[PDB]
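Here the structure is laid out as structure tokens; the discussion comes afterwards.
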Amino acid sequence: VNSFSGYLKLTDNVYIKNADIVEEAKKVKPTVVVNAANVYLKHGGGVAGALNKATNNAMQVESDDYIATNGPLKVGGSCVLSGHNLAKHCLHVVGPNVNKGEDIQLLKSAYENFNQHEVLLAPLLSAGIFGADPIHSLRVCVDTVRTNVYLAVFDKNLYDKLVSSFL
Ligand SMILES: C[C@@H]1CCC(=O)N1Nc1ncnc2[nH]c3cc(F)ccc3c12
Ligand SMILES: [Cl-]
């Protein structure tokens, strides 16, 4: 048993809710919140901008030190950093950005990072400003992640479409 509340169960291990991931993170304080990161960990907008804003820019400060030491992530890759006031840890995961021409096939690799964590609160990777079809992202999530994932979908119309179209 865990403290996630109000989720619809899609599969044995995937759950979904219409929620703002920032407010969900602040309420639950999960062990792991997933950020929709880019390779430079520049948290300017979308989920990343919102998570970073909620940390009063501490996520960005930590991220800039990470990049200065390690260089950029790979598309499809991840790193574990602090969750600040939102979670114990933040798993920064880079899904492909279709608006940059990045290979949508890398979305499966991106979701494989979730399997290193028993339970996660997460957005749909490559959705929103990353330009992929969220219905496809949900399908890849369900077919790739084997650990317990609680998906937060900000947009109510999209949430309803994801549920109603789920196979
Ligand atoms: C990209 C995915 C696909 C469907 C969807 O809604 N996405 N985004 C979110 N998902 C969950 N919480 C969020 N909080 C946010 C706060 C923001 F400023 C901006 C975006 C989000 C957001
Ligand atoms: Cl977005």
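Note that each Cβ is placed from the backbone with ideal geometry, even for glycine, and that neighbours are counted across all protein chains shown. Throughout, read-outs are computed from the coordinates displayed, never taken from laboratory work.
Condition check ((1) among the acidic types (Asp, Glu); (2) without any contact (Cβ under 8 Å) to a residue 40 or more places away in the chain) across all residues:
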| site | (1), (2) |
| --- | --- |
| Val61 | no, yes |
| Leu73 | no, yes |
| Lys88 | no, no |
| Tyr111 | no, yes |
| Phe114 | no, no |
| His117 | no, no |
| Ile129 | no, no |
| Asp133 | yes, yes |
| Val142 | no, no |
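Mind listing just one residue for me: the one in segment 140-156 that is within 10 Å of ligand 1 (Cβ to nearest atom) and of a type outside the set (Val, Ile, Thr) and, of those, surrounded by the most Cβ atoms within 10 Å (Cβ to Cβ)?
To start, the set of residues in segment 140-156 that are within 10 Å of ligand 1 (Cβ to nearest atom) comprises 151-156.
Those still in the list that are of a type outside the set (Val, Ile, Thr) too: 151-152, 154-156.
Values: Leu151: 27, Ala152: 25, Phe154: 19, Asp155: 13, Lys156: 10.
Ranking the qualifying residues of segment 140-156, first place goes to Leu151.
Exactly one condition in (1) within 16 Å of ligand 2 (Cβ to nearest atom); (2) within 16 Å of the chain's Cα centre (by Cα); (3) surrounded by 14 or more Cβ atoms within 10 Å (Cβ to Cβ) is not met by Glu102; state its number.
Here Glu102 clears every test but (2).
Anything in segment 1-36 that is in contact with a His (Cβ under 6 Å, 6 or more places away or on another chain) and more than 16 Å from ligand 2 (Cβ to nearest atom)? List them, or say none.
As a first pass, look at segment 1-36 and keep what is in contact with a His (Cβ under 6 Å, 6 or more places away or on another chain): 32, 35.
Once the filter is applied, which keeps residues that are in contact with a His (Cβ under 6 Å, 6 or more places away or on another chain) and more than 16 Å from ligand 2 (Cβ to nearest atom), segment 1-36 yields only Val32.
Would you check if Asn52 is without any contact (Cβ under 8 Å) to a residue 40 or more places away in the chain, within 16 Å of ligand 2 (Cβ to nearest atom), surrounded by fewer than 14 Cβ atoms within 10 Å (Cβ to Cβ) and not in a loop (DSSP other than H, G, I, E, B)?
Details: without any contact (Cβ under 8 Å) to a residue 40 or more places away in the chain: yes; within 16 Å of ligand 2 (Cβ to nearest atom): yes; surrounded by fewer than 14 Cβ atoms within 10 Å (Cβ to Cβ): no; not in a loop (DSSP other than H, G, I, E, B): yes.
Here the answer is no, as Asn52 does not meet what is asked.
Looking at (1) part of a helix (DSSP H, G or I); (2) farther than 18 Å from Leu121 by Cα; (3) among the charged types (D, E, K, R), which one does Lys26 not meet, given that it meets all the others?
In the conditions (1) part of a helix (DSSP H, G or I); (2) farther than 18 Å from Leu121 by Cα; (3) among the charged types (D, E, K, R), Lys26 misses (2) alone.
Only one of these is surrounded by fewer than 19 Cβ atoms within 10 Å (Cβ to Cβ), in contact with a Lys or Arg (Cβ under 9 Å, 6 or more places away or on another chain) and within 23 Å of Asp133 (Cα to Cα): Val94, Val39. Name it.
Numbers: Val94 fails: surrounded by fewer than 19 Cβ atoms within 10 Å (Cβ to Cβ).
Just a single option satisfies the conditions, and that option is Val39.
Can you work out which of the residues in segment 55-101 that are hydroxyl-bearing (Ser, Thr, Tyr) and in a strand (DSSP E or B) is farthest from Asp20 (Cα to Cα)? It would help to see each step written out before you state the result.
Step one: list which residues in segment 55-101 are hydroxyl-bearing (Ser, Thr, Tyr), which gives 55, 63, 66, 69, 78, 82.
After this cut, where a residue has to be in a strand (DSSP E or B) as well, the list is 78, 82.
Numbers: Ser78: 22, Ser82: 20 Å.
Selected residue: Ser78.
With respect to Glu112, determine if the residue is acidic (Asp, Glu), surrounded by 14 or more Cβ atoms within 10 Å (Cβ to Cβ) and within 20 Å of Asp143 (Cβ to Cβ).
Values: acidic (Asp, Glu): yes; surrounded by 14 or more Cβ atoms within 10 Å (Cβ to Cβ): yes; within 20 Å of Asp143 (Cβ to Cβ): yes.
Yes; evaluated as a whole, the condition is true for this residue.
Can you name the residue in segment 57-80 that is aliphatic (A, V, I, L, M) and crowded, with 18+ Cβ neighbours inside 10 Å and is also farthest from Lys29 (Cα to Cα) among such residues? Even if it seems obvious, please write down each step before you answer.
To start, the set of residues in segment 57-80 that are aliphatic (A, V, I, L, M) comprises 58-59, 61, 67-68, 73, 75, 80.
Subsequent filtering for residues that are crowded, with 18+ Cβ neighbours inside 10 Å retains 59, 73, 75.
Working: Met59: 16, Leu73: 26, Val75: 27 Å.
Among residues in segment 57-80 that are aliphatic (A, V, I, L, M) and crowded, with 18+ Cβ neighbours inside 10 Å, the one farthest from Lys29 (Cα to Cα) is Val75.
Run down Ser126, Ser137 and say which single residue is hydroxyl-bearing (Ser, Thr, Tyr), in a loop (DSSP other than H, G, I, E, B), under 13 Å from the mean Cα position of the chain (by Cα) and surrounded by 15 or more Cβ atoms within 10 Å (Cβ to Cβ). Spell out the reasoning first.
Details: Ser137 fails: in a loop (DSSP other than H, G, I, E, B).
Just a single option satisfies the conditions, and that option is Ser126.
Just a yes or no: is a residue in segment 40-47 part of a loop (DSSP other than H, G, I, E, B), touching a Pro at 6+ places or on another chain (Cβ under 9 Å) and within 16 Å of ligand 1 (Cβ to nearest atom)? Steps first, please.
In the first step, residues of segment 40-47 are kept if they are part of a loop (DSSP other than H, G, I, E, B); the result is 40-45.
Restricting the remaining residues to those that are touching a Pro at 6+ places or on another chain (Cβ under 9 Å) gives 40-41.
Of the ones still in play, those that are also within 16 Å of ligand 1 (Cβ to nearest atom) are none.
There is no residue in segment 40-47 that is part of a loop (DSSP other than H, G, I, E, B), touching a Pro at 6+ places or on another chain (Cβ under 9 Å) and within 16 Å of ligand 1 (Cβ to nearest atom).
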